[PDB]
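A.B. asks: Got a structure for you, written out below as structure tokens; questions coming shortly.
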Amino acid sequence: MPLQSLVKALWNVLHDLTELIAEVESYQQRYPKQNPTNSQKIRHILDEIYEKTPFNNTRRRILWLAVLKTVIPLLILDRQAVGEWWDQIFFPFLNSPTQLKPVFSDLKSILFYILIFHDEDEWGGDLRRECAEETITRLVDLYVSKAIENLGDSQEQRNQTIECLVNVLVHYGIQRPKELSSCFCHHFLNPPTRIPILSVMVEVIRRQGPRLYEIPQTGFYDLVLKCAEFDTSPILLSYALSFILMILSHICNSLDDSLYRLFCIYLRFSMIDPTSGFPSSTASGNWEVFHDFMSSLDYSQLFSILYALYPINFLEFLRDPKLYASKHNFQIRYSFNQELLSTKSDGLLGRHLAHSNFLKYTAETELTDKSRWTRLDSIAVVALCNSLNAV
Amino acid sequence: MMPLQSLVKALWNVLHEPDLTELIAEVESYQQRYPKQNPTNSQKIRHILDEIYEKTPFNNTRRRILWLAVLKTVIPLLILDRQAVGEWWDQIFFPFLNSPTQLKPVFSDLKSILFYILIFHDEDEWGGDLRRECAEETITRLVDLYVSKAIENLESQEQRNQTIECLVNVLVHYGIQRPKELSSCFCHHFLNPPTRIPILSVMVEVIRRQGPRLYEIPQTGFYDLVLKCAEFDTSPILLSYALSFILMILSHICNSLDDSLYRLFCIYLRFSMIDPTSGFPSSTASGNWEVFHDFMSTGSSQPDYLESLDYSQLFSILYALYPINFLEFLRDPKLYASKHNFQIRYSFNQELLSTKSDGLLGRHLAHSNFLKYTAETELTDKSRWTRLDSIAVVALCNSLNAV
């Protein structure tokens with residue numbers, strides 16, 4: 001009789017957790033791995049008290065969260081069950097959040113138990129992942145739709161929900177960047193999603209956690225470029241660049257394919273006008289452009305990096321990009337002032353030293369000769385020890 | 001229109017009477033008549049040179065000057081085989097290098113020839129593997145003369161010195177173009193202890209240029225030897241030659257590092273316990289190495305810039321890259337060595353190693369590896385070298401910035 005005394009204490013405390021906590025620890029000693037028939041039982045017993053006292057007023061909320069927080073490690077869930085947990089706890093909370101920081105810390109405490117886990121085979125089968133999968137998708141989906149929907153009659157109350165959802169999604173991201181980028185992928189294709197998603201994405205990349213290298217696998221990166229190539233809104237595009245810049249050190253491999261794209265992007269951004277703003281694209285694929293009114297990471301950095309790495313082709317692209325475009329089989333979608341290009345670009349170039357590449361490689365060998373990325377192992381290891389010297 | 005016959009006259013003229021110009025013009029009319037090499041004609045032509053060499057051989061200087069001047073002009077045309085350079089070696093190259101004509105432009109001409117053999121674009125330029133065969137040969141005899149010549153004890157030195165000087169120059173200039181090759185030729189010789197000092201002598205100089213493509217040297221197995229030399233040999237000079245070589249090549253490996261890591265820790269131990277009176281520690285083991293000591297009875301002149309390559313850098317380079325295991329090793333190395341299943345060969349002074357290596361640690365920032373890995377995850381976990389791709393890019397852009 002160690003279950004039948006914990007359940008006493010549920011009831012006792014869903015009308016100090018001292019007694020509940022105590023009984024949980026003597027439960028975990030007798031059951032260290034999760035027990036499914038005790039999970040089942042206890043799952044049921046909660047369903048029954050939630051009938052008796054629900055999530056309506058805040059003091060019932062505080063309570064329920066403290067409790068769910070301390071008992072959830074003992075349980076085993078699935079897609080069906082988190083649907084219940086979402087429907088009846090997560091959504092209600094987010095949808096109109098209590099103004100107590102602890103109470104939200106607790107909400108997070110529970111969410112992140114489901115989302116982030118060492119062991120995948122912990123609850124049997126795939127279940128631990130499946131739960132996290134759903135939970136992250138519902139969270140994503142709520143934020144996206146909460147970020148667009150016209151807002152009928154509380155504004156401030158709506159800013160409270162995105163303040164919390166962001167904080168949670170960012171937090172998921174720095175730990176799980178392939179996953180959060182996968183969740184954003186269908187949504188990204190729908191214009192008004194874009195400002196919000198990026199707003200969240202840069203905030204993850206700004207931290208430079210691992211393992212951002214994963215992100216391109218998920219096809220998001222590809223999208224983020226399409227946004228920089230085609231979309232219009234100056235606010236959006238500035239997010240898009242800060243993104244593609246900040247991730248560009250954590251690749252060099254996808255660099256081979258996104259090169260010609262990136263050149264064209266440098267072209268677009270260098271050409272940003274006071275009055276006309278950006279040059280609008282023409283081709284656009286089937287991308288369905290974003291315009292502003294439906295009705296300090298500037299291109300300078302992008303230059304440096306393209307002028308390292310691909311200097312010969314870069315300075316051949318600039319000079320005559322329409323030209324460089326045929327011969328490499330692509331199109332310059334944007335109308336653009338050359339002499340202004342040669343001007344700005346040169347100002348920047350004056351600030352750089354001269355490139356050895358010009359002595360070793362041609363423009364043909366610069367694109368094709370992977371022996372060149374030998375020299376990288378060499379100069380990294382040297383620059384690593386120079387970071388560990390204090391003086 | 002007759003082509004070859006007029007050139008032989010041109011040739012015969014120019015070896016009895018030092019004006020060339022005529023010959024030069026006869027070579028330019030033939031070359032359009034035969035852009036590729038013609039093996040029926042090389043045949044005839046060497047037949048000719050052979051003839052004229054018994055008539056007017058090498059012997060005095062002035063003859064040499066002329067011989068050289070002329071071979072240089074003609075050698076584009078000819079085709080040699082493994083056996084043919086055995087002529088030129090015995091009849092021309094060897095005569096020269098043993099007692100050399102003290103005339104820079106002469107040696108210049110000689111080198112013109114050699115490196116015309118030694119260095120080339122197309123492997124089938126002569127048919128089959130002949131171009132590369134002569135090459136492989138020449139360098140061999142060069143190497144074998146350089147080694148022989150730098151051990152044979154006694155030609156009033158001043159003669160001998162001019163010999164090795166020339167050879168070195170030539171080997172180094174081969175080295176920097178073809179490191180993979182030259183380090184190949186050096187392995188056997190290197191197993192014989194007195195070749196070491198002279199062989200590292202050349203190799204460190206090649207490495208120092210940091211020309212391409214030093215990564216190729218490990219494949220030869222020469223990297224592994226040099227390490228052996230550092231683990232076992234006694235000779236202060238040879239040793240520092242050794243450490244120099246390995247420090248300046250480590251930056252082009254980071255792959256064999258996963259195979260050399262413990263070796264290197266043992267080396268770091270050993271080079272760090274260097275003593276005024278007892279010098280290096282003695283290698284208890286050796287295996288089948290064949291130790292070299294200084295007085296193997298009972299060059300020299302070690303390059304002054306290679307001095308700054310002391311164990312301090314080995315420390316700095318093992319503190320980055322393998323911070324955890326390195327520091328572990330330097331706490332109880334015997335202990336670390338069981339468990340990682342190798343052996344400490346040296347007697348050493350613990351407290352000294354901790355007094356001294358502390359001194360060096362203190363110069364260094366705290367390592368992040370301590371927050372992200374354990375000792376075993378540090379050793380195995382190939383994702384750690386992903387971060388390196390990103391820091392490499394940022395390291396690059398800030399050198400190309402003029403301020």
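Labeling convention for the structure tokens: chains A, B, ... as they appear, residues from 1 per chain, ligands from 1 in order of appearance.
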Once you count only C-alpha atoms, which residues of chain A turn out to be within 12 Å of chain B? Could you give them as number ranges by chain?

C.D. replies: A: 208-214, 245-253, 301-311, 348-356, 360, 371-391

A.B. asks: Using only C-alpha atoms, which residues sit within 12 Å of residue 18 (chain A) once same-chain residues fewer than 6 positions away are excluded, as number ranges by chain?

C.D. replies: A: 6, 9-10, 12, 24-25, 66-67, 70

A.B. asks: Residues of the last selection are to be written out with C-alpha atoms, as an mmCIF file, in the first residue's frame.

C.D. replies:
```cif
data_model
loop_
_atom_site.group_PDB
_atom_site.id
_atom_site.type_symbol
_atom_site.label_atom_id
_atom_site.label_comp_id
_atom_site.auth_asym_id
_atom_site.auth_seq_id
_atom_site.Cartn_x
_atom_site.Cartn_y
_atom_site.Cartn_z
ATOM 1 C CA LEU A 6 -0.414 8.940 -2.589
ATOM 2 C CA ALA A 9 -2.941 12.997 -0.804
ATOM 3 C CA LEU A 10 -4.096 14.028 -4.306
ATOM 4 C CA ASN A 12 -6.392 16.055 0.184
ATOM 5 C CA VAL A 24 5.599 10.741 -4.368
ATOM 6 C CA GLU A 25 9.160 10.057 -3.199
ATOM 7 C CA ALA A 66 2.100 22.544 -8.779
ATOM 8 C CA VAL A 67 0.431 19.131 -8.682
ATOM 9 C CA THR A 70 5.270 16.921 -9.205
#
```

A.B. asks: Quick one: pick out all helix (DSSP H, G or I) residues within region 151-385 of chain B from a backbone DSSP run and write them as a ChimeraX atom specification.

C.D. replies: /B:158-177,179-190,193-208,214-220,222-232,236-250,257-272,304-308,311-319,323-329,333-337,350-361,369-372,375-379,382-385

A.B. asks: Hey, what's within 12 Å of region 343-354 of chain B if we count only C-alpha atoms and toss same-chain stuff fewer than 3 positions away? As a PyMOL selection string, please?

C.D. replies: chain B and resi 231-232+262-275+278+280-287+315+327-340+357-362

A.B. asks: Which one of B:167, B:176, B:151, B:119 sits closest to residue 216 (chain B) if you count only C-alpha atoms?

C.D. replies: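 Among B:167, B:176, B:151, B:119, it is B:176 that comes nearest to residue 216 (chain B).
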